[PDB]
There are 2 protein chains.
Amino acid sequence: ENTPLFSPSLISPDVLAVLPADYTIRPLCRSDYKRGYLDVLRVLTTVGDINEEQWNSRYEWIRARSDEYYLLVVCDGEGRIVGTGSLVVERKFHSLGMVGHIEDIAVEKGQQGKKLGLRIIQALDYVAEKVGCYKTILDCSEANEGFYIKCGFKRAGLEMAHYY
Amino acid sequence: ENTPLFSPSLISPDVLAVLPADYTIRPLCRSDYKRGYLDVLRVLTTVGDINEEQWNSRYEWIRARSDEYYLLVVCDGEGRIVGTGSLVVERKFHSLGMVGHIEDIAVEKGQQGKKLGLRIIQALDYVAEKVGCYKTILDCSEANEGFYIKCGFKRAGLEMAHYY
Ligand SMILES: CC(=O)SCCNC(=O)CCNC(=O)[C@H](O)C(C)(C)COP(=O)(O)OP(=O)(O)OC[C@H]1O[C@@H](n2cnc3c(N)ncnc32)[C@H](O)[C@@H]1OP(=O)(O)O
Ligand SMILES: CC(=O)SCCNC(=O)CCNC(=O)[C@H](O)C(C)(C)COP(=O)(O)OP(=O)(O)OC[C@H]1O[C@@H](n2cnc3c(N)ncnc32)[C@H](O)[C@@H]1OP(=O)(O)O
Ligand SMILES: Clc1ccccc1-c1nnc[nH]1
């Protein structure tokens with residue numbers, strides 16, 4: 001239940017080197033249910049009650065796709081998840097090339113503005129580079145553009161949406 | 001080898017109703033190697049030589065992920081693929097919700113400006129709706145924004161990119 005979602009060898013040594021004392025960034029593991037992962041997600045959207053059975057099934061589902069869905073967490077060294085982010089690696093049918101997609105970055109409100117979001121993005125960029133992505137992309141609002149600029153991203157196009 | 005990538009029941013009846021005579025939109029199948037699929041892709045990027053062995057292996061790879069990677073084609077009714085597009089369905093770890101991502105839309109140059117790109121997008125939107133996506137998103141350049149506006153998309157944010 002402490003078996004990481006993906007290899008810890010995919011975590012940037014340079015990011016680990018600059019985290020606050022006792023903090024770590026690491027792959028999700030199944031035991032993170034107990035470390036307040038869903039609480040960090042509540043920064044992003046309303047989540048809902050989820051029980052350990054459901055968590056365990058959703059964890060086996062993502063683990064079946066661990067060559068695509070890279071979920072990592074920032075742990076405060078006291079058993080509390082305080083940040084998360086996702087890299088989804090799109091393996092094309094670019095001479096069969098690969099694009100990383102950054103998704104669902106969240107930092108607990110009380111821990112915001114301490115570079116933990118930057119560290120999460122640096123870590124997801126390092127995963128994507130390591131697995132052979134030529135680029136990482138993400139969609140953002142006009143309001144958090146300046147966050148992604150500080151993380152070394154540049155405007156590349158427009159996000160278009162269609163609602164049902 | 002005529003076994004479709006995904007169920008033909010996911011193809012919009014309304015789109016099939018308005019295609020030019022003898023044209024169809026349908027899931028990719030393994031035999032599409034022989035119908036000039038790679039030629040349509042050359043509208044998007046430079047592809048390279050790929051042999052039938054490689055095609056067959058890449059086809060089994062996508063078929064293993066046919067709950068995520070929905071590739072469809074426009075067939076002219078004379079054995080020629082003249083358009084393609086992809087829907088990638090992102091199943092979240094939104095109360096475990098789903099986002100469609102439209103990718104790699106291409107229409108052969110000689111068949112452009114006849115509504116085949118619109119039909120491809122309408123068809124991919126219908127797949128996403130049917131499988132339970134709350135929204136479909138895509139990234140585009142400023143130059144083809146007006147194409148997506150005509151297909152019923154609206155600007156929703158910015159695409160940011162990070163190169164290696
Ligand atoms: C692709 C997606 O994930 S979109 C969803 C993004 N997530 C959310 O909107 C959820 C709510 N917000 C958050 O969780 C956080 O505020 C995040 C993840 C956006 C940013 O994380 P934080 O830990 O707060 O930011 P962090 O301190 O790492 O920011 C790095 C730098 O960007 C700055 N910054 C942070 N947010 C913003 C912003 N919205 N606009 C401009 N600058 C910003 C920080 O002040 C810091 O600047 P510095 O280098 O000059 O110190
Ligand atoms: C998310 C992604 O896939 S990004 C990659 C997009 N693909 C490419 O750039 C590859 C090259 N381009 C193409 O293959 C095609 O031109 C496509 C797929 C962009 C559009 O396909 P087409 O079949 O040419 O367009 P289609 O005739 O369906 O266009 C529908 C309407 O939009 C119009 N239109 C098409 N392209 C554009 C454009 N770039 N700007 C504004 N309007 C456009 C058409 O004239 C038509 O207008 P109407 O309803 O008034 O007749
Ligand atoms: Cl294409 C895409 C775009 C944005 C977010 C995720 C995806 C994806 N899901 N599986 C593979 N790729």
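Ligands are counted one by one from 1 in listed order, and the atoms in each one are counted from 1 as well. Here is the naming used below: chain letters follow the sequence lines, and residue numbers restart at 1 for every chain. What's counted below: heavy atoms across the whole structure, side chains too, no hydrogens, waters or symmetry copies.
Looking at B/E142, B/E108, B/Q122, B/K115 and measuring to atom 49 (O) of ligand 2, the nearest heavy atom belongs to B/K115. Of the candidates B/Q112, B/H101, B/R119, the one placing a heavy atom closest to atom 16 (O) of ligand 2 is B/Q112.
Summary of contacts: the protein heavy atom closest to atom 9 (O) of ligand 1 is A/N144 ND2, 3.7 Å. At the top of the distance list for atom 11 (C) of ligand 1, counting protein heavy atoms only, stands A/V43 CG1, 3.5 Å. Atom 35 (C) of ligand 2 has its closest protein heavy atom at B/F147 CD1, 3.8 Å. The nearest heavy-atom contact from the protein to atom 23 (O) of ligand 1 is A/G117 N, 3.0 Å.
Taking distance alone, with nitrogen or oxygen atoms compared against 3.5 Å, A/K114 approaches ligand 1 more closely than that limit. The shortest N/O to N/O separation between A/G113 and ligand 1 falls below 3.5 Å. For ligand 1, the polar-atom distance check finds an N/O of A/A143 within less than 3.5 Å of one of the ligand's N/O atoms. For ligand 3, one of its N or O atoms has an N or O atom of B/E68 under 3.5 Å away. Where the criterion is an N or O separation shorter than 3.5 Å, residue side chain and backbone included, A/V107 meets it with respect to ligand 1. Ligand 1 has no nitrogen or oxygen under 3.5 angstrom from a nitrogen or oxygen of A/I102. Ligand 1 has a nitrogen or oxygen under 3.5 angstrom from a nitrogen or oxygen of A/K150. Here's the thing with A/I105: one of its N/O atoms is less than 3.5 angstrom from an N/O atom of ligand 1.
Not a single protein heavy atom sits closer than 4.0 Å to atom 46 (C) of ligand 2. At least one protein heavy atom sits closer than 4.0 Å to atom 2 (C) of ligand 1. Remark: atom 20 (C) of ligand 1 lies closer than 4.0 Å to at least one protein heavy atom. For atom 6 (C) of ligand 2, a protein heavy-atom neighbour is present inside the 4.0 Å cut-off. Protein heavy atoms are absent from the 4.0 Å sphere centred on atom 33 (C) of ligand 1.
Donor-acceptor pairing under 3.5 Å is lacking for the side chains of A/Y163 and B/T136. The closest side-chain donor-acceptor pair between A/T46 and A/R42, if any, does not fall under 3.5 angstrom. Side-chain contact annotation: A/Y23 with A/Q111, donor-acceptor N/O pair under 3.5 Å present.
Ligand-side atoms of ligand 1 in range of A/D104: 3 (O), range being under 4.0 angstrom from any heavy atom. Close contacts between ligand 1 and A/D139 involve ligand atoms 1 (C) [criterion: under 4.0 Å to a heavy atom]. Within ligand 1, the atoms closer than 4.0 Å to a non-hydrogen atom of A/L118 are 28 (O), numbered from 1 in the order shown. Counting the atoms of ligand 3 from 1 in the order shown, those under 4.0 Å from a heavy atom of A/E103 are 4 (C), 5 (C). Shown in contact with B/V88 at under 4.0 Å from a heavy atom are these atoms of ligand 3, numbered in order with element: 1 (Cl), 8 (C), 9 (N), 10 (N), 11 (C), 12 (N). Taking every non-hydrogen atom of A/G146 and a distance limit under 4.0 Å, the qualifying atoms of ligand 1 come out as 41 (C), 42 (N).
Taking the charged nitrogens against the carboxylate oxygens, A/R155 and B/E159 have no contact shorter than 4.0 Å, which rules out a salt bridge. Between A/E52 and A/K34 a salt bridge is recorded (basic side-chain N to carboxylate O distance below 4.0 Å). Of the charged side-chain nitrogens involved, none lies within less than 4.0 Å of a carboxylate oxygen, so that A/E60 and A/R65 do not count as a salt-bridged pair.
Residues B/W55 and B/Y37 bring their aromatic ring centres within 6.0 Å.
The 12-atom threshold is exceeded at CZ of B/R26, counting heavy atoms of other residues, nucleotides or ligands nearer than 6.0 Å.
Here B/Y134 is tied into one hydrophobic group with B/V99, B/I137, each link being a pair of ILVMFWY side chains closer than 4.5 Å.
Rounding to the nearest 0.5 Å places OH of A/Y59 at 10.0 Å from CG of A/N56. Once rounded to the nearest 0.5 Å, the distance linking OH of B/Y126 with CG of B/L87 reads 14.0 Å.
At a 4.0 Å heavy-atom cut-off, ligand 2 does not touch B/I120 at all. Contacts between A/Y148 and ligand 1, counted as non-hydrogen atom pairs separated by less than 4.0 Å, involve the side chain only.
At least one heavy atom of A/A106 sits under 4.0 Å from some atom of ligand 1.
In terms of the salt bridge (charged side-chain N to carboxylate O under 4.0 Å, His left out) criterion, residue partners of A/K92 (sequence neighbours excluded) are, by chain and number, A/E90, B/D104.
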